[PDB]
Amino acid sequence: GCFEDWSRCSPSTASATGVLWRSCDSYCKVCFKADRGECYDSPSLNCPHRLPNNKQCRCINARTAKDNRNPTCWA
């Protein structure tokens, strides 16, 4: 139940702050030039916003390595 990054590709809980929790589809898209991100949440936790754990995603069909060309890839 850690929704914020899980929300990157799941339009439900529109929230983001600081790190932005861009970890999933947003990050995989531009950085590893993946096809999509799998926005799942850490099921072991149920955390209500400002989820400092909620950086968890698979970059599907990631075509590149960690890349720096995008400001949203700076992390």
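Calculation rules
Residues numbered from 1 in each chain as written, not as in the entry; some residues may be left out. Heavy atoms only, no water. UniProt positions renumbered as here; feature names shortened; annotations may be inferred. Disulfide = S-S within 2.5 Å. Helix = DSSP H or I, 4+ residues; strand = E, 2+ residues; numbered from the N terminus. Buried < 20%, exposed > 50% of the residue type's maximum accessible area, 1.4 Å probe, protein only. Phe/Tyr/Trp six-rings, centres within 6.5 Å; stacked < 30°, edge-to-face > 60°. Contact = heavy atoms within 4.5 Å.

The deposited coordinates for this entry were obtained by solution NMR.

Per the PDB entry, the protein chain goes by the name Theromacin and belongs to Hirudo medicinalis. Within the UniProt record for the protein chain, the comment given under Function is "Has a bactericial activity."

So, the state of the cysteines
In this structure the tally under the stated criterion is five disulfides. The disulfide that involves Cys2 links it to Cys47, with 2.0 Å between the sulfurs. On the criterion of sequence distance, the pair formed by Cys2 in the segment before α1 (3–6) and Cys47 in the loop between β1 (36–39) and β2 (57–60) is long-range, its members being 45 residues apart. Taking relative accessible area as the criterion, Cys2 reaches 0% and is therefore assigned buried. Judged by relative accessible area, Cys47 falls into the buried class, the value being 14%. The side chain of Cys31 participates in a disulfide bridge whose partner is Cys73; the two sulfur atoms lie 2.0 Å from each other. The sign of the S-S torsion, about -110 degrees, decides the handedness of the disulfide formed by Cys31 and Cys73: left-handed. You can see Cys31 sitting in the loop between α2 (25–30) and β1 and its partner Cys73 sitting in the segment after β2, a full 42 residues away along the chain. With its bonded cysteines labelled in order along the sequence, the protein chain shows the pairing 1-7, 2-6, 3-8, 4-9, 5-10.

Some details on the packing of aromatic side chains
Under the definition given, this model contains one aromatic pair. Their ring planes at 80 degrees and their centres at 5.3 Å tell us that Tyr27 and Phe32 sit as a pair that is edge-to-face. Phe32 carries the same exposure label as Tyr27, and that label is buried.

Quick notes on the environment of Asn53
Within the fold, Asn53 resides in the loop between β1 and β2. C-alpha of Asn53 to C-alpha of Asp67: the two residues are 14 residues apart in sequence and 22 Å apart in space. Not counting the four nearest positions on each side in its chain, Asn53 is found in contact with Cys2, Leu45 and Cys47.

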